[PDB]
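Computation of the quantities below employed the complete heavy-atom set of this structure, encompassing side-chain atoms and omitting hydrogens, waters and symmetry-equivalent molecules. When a ligand or atom number is given, it counts from 1 through the structure's own listing order. For the single chain, residues carry numbers from 1 onward in sequence order.
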Amino acid sequence: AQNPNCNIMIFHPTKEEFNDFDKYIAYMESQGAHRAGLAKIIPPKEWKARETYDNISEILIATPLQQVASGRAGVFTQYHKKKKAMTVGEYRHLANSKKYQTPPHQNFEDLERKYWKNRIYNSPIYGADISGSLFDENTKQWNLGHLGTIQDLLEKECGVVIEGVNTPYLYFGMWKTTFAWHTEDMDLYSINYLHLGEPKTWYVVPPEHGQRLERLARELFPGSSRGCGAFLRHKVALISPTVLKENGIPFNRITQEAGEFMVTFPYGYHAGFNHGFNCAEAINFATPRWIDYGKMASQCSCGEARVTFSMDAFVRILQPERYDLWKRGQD
Ligand SMILES: O=C(O)CNC(=O)C(=O)O
Ligand SMILES: [Mg+2]
Ligand code: NI
Ligand SMILES: [Zn+2]
């Protein structure tokens, strides 16, 4: 069995190997990469996403989100308070202001220590989930707006044609902006490219051990767990590496830098934080190996999770017994 300890693997594809996206995902899996829940892919030196980032300031962040924490430093939830619209140039200036800028630090480990000690005492503002892309149309390799669609994969594997679309999303971050513990919608893969700026630190639980994280979360967030049998789908709960280690939860960590891709694998729980002003692009995708995960994915039906249009068909076809309850939660 490849990668039996479920370590995060880092790949360096050649320019030739960077041509065929699906084939390379399957290669990484042949080496056991998926066992970790997360892999890093460093693009060949010949590749670029676009020519420059000098002209992005006029992008609008219609609904910046202030991420307000409640709890204790290592075990907390966050809620998202909506703020007035601002441009990426305005948001960049805000991120670099004295109130929001990254503190002085020695190295990534020192900054991680400071994040977990102090996160809850601040409310950073995140430009998340903005439909759009920063890949040049002429970038042919690993262009996240030109991937095969999940609807097409489902149709190829199972024969059923479905409605829906699959487009990328931009994320503008600042110091302490946080992504809560989650798997993807329908336990899909995700791919995330860090276009520019400061790093992103990731934590991940191997898919084979995801239920250990779920059981801890039910213990640590007992009101939330009574409210909803899949409350991690709400994407609000944080648990620190120290708390995970105290509770024996298997996990790994890695820091992504600008110019690097990360892939999350089906049912790989992940969480993390941004080091300073940055911009990432991410999208969900599927492979044949996903279908069994999609059929077994938990679902939130309490009303909180609310998701895209395109998840309807995935539930309807892969999980017909659950469909009527889930759709009520959507309505
Ligand atoms: O970068 C972020 O805030 C969160 N991204 C992801 O959870 C992802 O790419 O799957
Ligand atoms: Mg612009
Ligand atoms: Ni994710
Ligand atoms: Zn719920």
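- For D110, the salt bridge (charged side-chain N to carboxylate O under 4.0 Å, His left out) partners two or more places apart in sequence, or in a different chain, are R113.
- The Zn ion (ligand 4) lies at the vertex of an angle of 120° between the SG atom of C300 and the SG atom of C228 (rounded to 10°).
- Separation of atoms CG (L94) and CE (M86) is listed at 5.5 Å; rounding is to 0.5 Å.
- Per residue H234, closest N, O or S atom to the Zn ion (ligand 4): atom name NE2.
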Under a 3.5 Å threshold, I'd like every N/O contact between ligand 1 and protein atoms, with atom names and distance.
| from | atom 1 | to | atom 2 | distance (Å) |
| --- | --- | --- | --- | --- |
| ligand 1 | 1 (O) | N192 | ND2 | 3.4 |
| ligand 1 | 1 (O) | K200 | NZ | 2.9 |
| ligand 1 | 3 (O) | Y126 | OH | 2.6 |
| ligand 1 | 7 (O) | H182 | NE2 | 3.0 |
| ligand 1 | 7 (O) | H270 | NE2 | 3.1 |
| ligand 1 | 9 (O) | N192 | ND2 | 3.1 |
| ligand 1 | 10 (O) | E184 | OE2 | 3.0 |
| ligand 1 | 10 (O) | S190 | OG | 2.7 |
| ligand 1 | 10 (O) | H270 | NE2 | 3.2 |

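- A donor-acceptor contact shorter than 3.5 Å links the side chain of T178 to the backbone of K176.
- Note: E260 CD to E257 CD = 5.5 Å, rounded to the nearest 0.5 Å.
- The CG atom of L154 lies 5.5 Å from the CG atom of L318; values are rounded to the nearest 0.5 Å.
- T87 OG1 to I59 CD1: the interatomic distance, rounded to the nearest 0.5 Å, is 9.5 Å.
- Aromatic rings from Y100 and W175 are positioned such that their centres are separated by 6.0 Å or more.
- The set of protein atoms (N, O or S) found at less than 2.8 Å from the Ni ion (ligand 3) reads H182 NE2, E184 OE2, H270 NE2, by chain and number.
- With sequence neighbours excluded, no residue forms a salt bridge (charged side-chain N to carboxylate O under 4.0 Å, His left out) with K114.
- The line from OH of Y323 to CD of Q330 is 9.5 Å long, rounded to the nearest 0.5 Å.
- Here the CZ atom belonging to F277 is positioned 12.5 Å from the NE2 atom belonging to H93, to the nearest 0.5 angstrom.
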